[PDB]
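Right, one structure below, let's go through it.
Reminder, nothing fancy here: chain letters follow the sequence lines and each chain counts from 1. Just the heavy atoms: all of them, side chains too, but no hydrogens, waters or symmetry mates, feed the values below.
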Protein chains: 2
Amino acid sequence: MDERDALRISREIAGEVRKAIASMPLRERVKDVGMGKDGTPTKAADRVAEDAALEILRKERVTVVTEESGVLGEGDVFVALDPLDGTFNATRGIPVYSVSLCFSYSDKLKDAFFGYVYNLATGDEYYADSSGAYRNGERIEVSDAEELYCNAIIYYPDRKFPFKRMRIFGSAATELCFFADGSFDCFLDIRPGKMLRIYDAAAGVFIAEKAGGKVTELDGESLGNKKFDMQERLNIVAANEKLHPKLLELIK
Amino acid sequence: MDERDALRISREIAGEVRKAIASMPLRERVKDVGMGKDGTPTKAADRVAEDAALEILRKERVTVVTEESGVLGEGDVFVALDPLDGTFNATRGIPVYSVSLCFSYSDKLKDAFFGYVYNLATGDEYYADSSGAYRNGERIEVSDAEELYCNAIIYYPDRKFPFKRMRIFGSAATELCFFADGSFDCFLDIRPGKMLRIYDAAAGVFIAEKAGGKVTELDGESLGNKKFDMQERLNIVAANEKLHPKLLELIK
Ligand SMILES: O=P(O)(O)OC[C@H]1O[C@](O)(COP(=O)(O)O)[C@@H](O)[C@@H]1O
Ligand SMILES: O=P(O)(O)OC[C@H]1O[C@](O)(COP(=O)(O)O)[C@@H](O)[C@@H]1O
Ligand SMILES: [Ca+2]
Ligand SMILES: [Ca+2]
Ligand SMILES: [Ca+2]
Ligand SMILES: [Ca+2]
Ligand SMILES: [Ca+2]
Ligand SMILES: [Ca+2]
């Protein structure tokens with residue numbers, strides 16, 4: 001498979017996935033209807049999203065890692081896919097939830113070759129191949145923010161914070177693309193329990209990085225050997241190369 | 001003026017402002033075109049939105065008090081306009097921003113008769129009148145949650161809180177409707193410096209107060225004395241009857 005393929009497939013699934021949900025009333029979205037392989041409940045939207053996202057990516061040959069359905073496939077290539085990031089927003093009809101496909105030639109994040117987040121309430125499009133990162137056709141790049149008094153997104157503020165502004169929108173995938181295009185000066189998942197799964201942020205990272213971004217763990221060590229498995233989880237700090245050492249500093 | 005006019009007018013305003021703001025690209029949008037008469041910079045979006053509002057507003061026998069031009073009008077019907085709160089999100093393509101309006105038969109909140117707040121990005125039209133709270137033409141109502149383990153919109157999480165989750169979309173006016181409609185169970189703007197201004201809170205308080213919401217200043221004082229001008233500031237502890245007093249202590 002090629003990085004051109006991933007778009008092709010990512011865009012099919014995005015369209016399919018968007019519509020299934022578009023036609024599903026908020027009353028219908030919020031009903032729990034099962035429990036996921038991830039060990040969390042399944043909402044009705046989640047259900048339809050998966051099934052849509054999974055009718056396509058099963059037509060292909062990959063090893064796709066998902067929530068409701070666990071690890072399926074034998075494929076050479078691994079896809080960390082979430083067909084509806086921010087279910088609570090969707091369930092609410094609050095327009096911050098997307099599809100998030102991340103493909104890799106190997107088992108680890110290091111061998112990522114395409115990232116793709118699509119807002120299914122807006123139809124906004126974020127992806128990145130080996131030729132940059134884009135927000136709907138035009139290429140993106142992070143931000144020259146040099147100091148901490150900056151517009152940041154954080155999970156979760158616990159005390160005094162120098163930031164120009166903080167935000168929590170409810171879609172870490174989406175959010176990580178908010179960073180990537182200059183909207184925010186960083187992303188922060190500092191939740192000591194470490195509660196971000198690979199399908200949760202694998203993509204978002206990739207594009208942020210492709211947009212020129214310092215995206216690491218709490219210790220600033222690489223994320224490269226993160227796993228397309230269900231038990232993989234991560235904390236996240238992301239900013240431009242020159243901001244990072246301070247927030248690293250800062251929250252240390 | 002009566003409840004039905006205001007609803008028509010409001011709709012009117014939302015119309016052009018949406019047409020107006022939607023034509024502008026982020027790049028023009030984020031332009032610092034000058035200074036609003038409230039002590040903060042006017043971005044072109046701000047000016048464009050406020051522009052097309054007053055065009056529709058000051059033909060009416062009403063006094064207006066708004067972010068950019070301040071107080072302007074000649075009648076006893078007071079209006080609390082924010083032609084676009086969520087400017088930040090508006091200049092970076094974040095679909096949570098709205099024009100807010102509230103009409104009163106005096107310059108005190110306690111004489112408001114109309115509450116209108118419209119998600120300029122998605123078309124979510126919230127509103128309040130005698131008949132009750134509506135959303136996209138559908139009666140709405142605050143949750144019924146009674147524990148501290150809720151979904152909390154808060155300015156700001158200065159510490160460890162017991163909430164089940166924290167969100168901050170960065171538009172009061174619309175985030176009050178996520179509580180009004182009970183999409184979230186509680187809206188807290190407990191910024192130490194009384195930061196919120198009348199045109200951020202008027203439509204929201206009324207709309208949510210009508211949704212069943214119980215809405216008070218930080219300490220619990222009634223907001224009915226809250227006056228329609230350029231200098232008031234508000235803290236806001238909104239929550240259903242059962243939850244509200246719980247919060248008045250937790251933050252104490
Ligand atoms: O939804 P929570 O658990 O309150 O916290 C928000 C975080 O968890 C997630 O919402 C999890 O994703 P979901 O929408 O699929 O549940 C992240 O997107 C976000 O970063
Ligand atoms: O952005 P801050 O200064 O951190 O404070 C949050 C405030 O942002 C605001 O959206 C500002 O309003 P504007 O976007 O219309 O200027 C308020 O609604 C909210 O109360
Ligand atoms: Ca789930
Ligand atoms: Ca999900
Ligand atoms: Ca997720
Ligand atoms: Ca301003
Ligand atoms: Ca404003
Ligand atoms: Ca404002």
Side-chain angles (χ1 to χ4, degrees), chain A residues 26 30 88-97 121 167-170, chain B residues 6-7 10-11 13-14 17-18 80-90 94-103 109 112-129 131-145 150-155 166-189 196-216 223 234 236-240 243-244:
Chain A
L26 310 213
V30 63
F88 180 78
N89 283 335
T91 63
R92 301 290 143 293
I94 293 171
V96 173
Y97 44 98
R167 289 317 186 246
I168 307 141
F169 294 97
Chain B
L7 161 65
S10 297
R11 256 101 161 251
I13 287 188
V17 167
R18 176 191 217 182
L81 163 57
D82 183 326
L84 187 120
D85 191 81
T87 303
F88 188 86
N89 320 352
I94 315 198
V96 180
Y97 54 96
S98 312
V99 61
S100 170
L101 309 121
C102 161
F103 301 47
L109 191 48
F113 61 100
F114 198 62
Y116 192 99
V117 156
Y118 183 86
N119 186 310
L120 292 172
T122 80
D124 300 326
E125 159 197 290
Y126 284 98
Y127 89 87
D129 69 11
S131 59
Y134 300 84
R135 158 155 177 206
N136 282 322
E138 244 75 41
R139 285 277 306 253
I140 63 227
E141 191 163 10
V142 269
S143 62
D144 55 345
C150 52
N151 312 308
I153 291 180
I154 174 155
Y155 300 76
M166 279 184 313
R167 300 262 170 296
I168 324 162
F169 293 104
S171 178
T174 311
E175 293 169 292
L176 275 165
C177 312
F178 301 162
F179 160 78
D181 94 312
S183 278
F184 290 83
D185 326 307
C186 95
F187 182 83
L188 296 141
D189 197 306
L196 233 63
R197 288 210 300 249
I198 193 67
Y199 29 68
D200 298 326
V205 176
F206 200 84
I207 279 188
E209 257 167 0
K210 290 257 146 145
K214 167 166 175 72
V215 192
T216 49
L223 307 162
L234 328 180
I236 296 207
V237 189
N240 68 30
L243 175 45
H244 187 302

Residues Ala180(B) and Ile207(B): closest non-hydrogen pair is CB-CG2, 3.5 Å
Determine, stepwise, if the pair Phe114(B) / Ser10(B) fulfils side chain to side chain contact (heavy atoms under 4.5 Å, CB included).
CA-CA 9 Å; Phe114(B) 198 62; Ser10(B) 297; 3.3 Å; yes
What residues, two or more places apart in sequence or in another chain, satisfy side-chain contact (heavy atoms from CB on, under 4.5 Å) together with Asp181(B)?
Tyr126(B), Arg135(B), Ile140(B), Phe178(B), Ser183(B)
Does any part of the side chain of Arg92(A), heavy atoms only, come nearer than 4.5 Å to the side chain of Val30(A), both counted from C-beta?
yes
Start with the C-alpha distance between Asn151(B) and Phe88(A), add both sets of side-chain angles, then the distance that settles side chain to side chain contact (heavy atoms under 4.5 Å, CB included), and finish with yes or no.
CA-CA 10 Å; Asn151(B) 312 308; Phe88(A) 180 78; 3.9 Å; yes
Nearest heavy atoms of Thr122(B) and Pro95(B), plus distance in Å
CG2-O, 3.8 Å
side-chain contact (heavy atoms from CB on, under 4.5 Å) against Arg139(B), all qualifying residues, sequence neighbours excluded:
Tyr134(B)
If you round to the nearest 0.5 Å, how far is CD1 of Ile153(B) from CG of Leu188(B)?
9.5 Å
Roughly how far, to the nearest 0.5 Å, is CG of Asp189(B) from CD1 of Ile236(B)?
7.0 Å
Taking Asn89(A) for the side chain and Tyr97(A) for the main chain, is one N or O donor matched with an acceptor at less than 3.5 Å?
no
Using side-chain hydrogen bond (donor to acceptor under 3.5 Å, both in side chains) as the criterion, point out the one residue from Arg11(B), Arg18(B), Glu125(B) that pairs with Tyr118(B).
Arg18(B)
Nearest heavy-atom approach of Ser171(B) to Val96(B) is CB-O, 3.9 Å
Minimum heavy-atom distance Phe179(B)-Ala208(B), with the two atoms named:
CD2-CB, 3.9 Å
Only one of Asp85(B), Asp82(B), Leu120(B), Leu84(B) forms a side chain to side chain contact (heavy atoms under 4.5 Å, CB included) with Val99(B), so which one is it?
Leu120(B)
Minimum heavy-atom distance between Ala80(B) and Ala202(B), given as atom pair plus value
CB-CB, 3.7 Å
Can you tell me how far apart CG (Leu234(B)) and CD1 (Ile198(B)) are? Round to the nearest 0.5 Å.
5.0 Å
Does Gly137(B) offer a backbone N or O that forms a donor-acceptor pair with the side chain of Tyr127(B) under 3.5 Å?
no
Hits for side-chain contact (heavy atoms from CB on, under 4.5 Å) against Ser98(B), two or more places apart or cross-chain, chain-then-number order -> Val117(B), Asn119(B), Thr174(B)
If you measure from OH on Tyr116(B) to SG on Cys102(B), what distance do you get to the nearest 0.5 Å?
14.0 Å
Of all heavy-atom pairs between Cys150(B) and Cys186(B), which one has the smallest distance, and what is that distance?
SG-SG, 4.0 Å
Do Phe103(B) and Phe206(B) have ring centroids that are under 6.0 Å from one another?
no
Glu175(B) side chain to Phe169(B) main-chain N or O, any donor-acceptor pair under 3.5 Å?
yes
Separation between OG of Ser143(B) and CG of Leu243(B), rounded to the nearest 0.5 Å
7.0 Å
Hey, could you give me the CZ/CD1 distance between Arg167(B) and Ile168(A), rounded to the nearest 0.5 Å?
7.0 Å
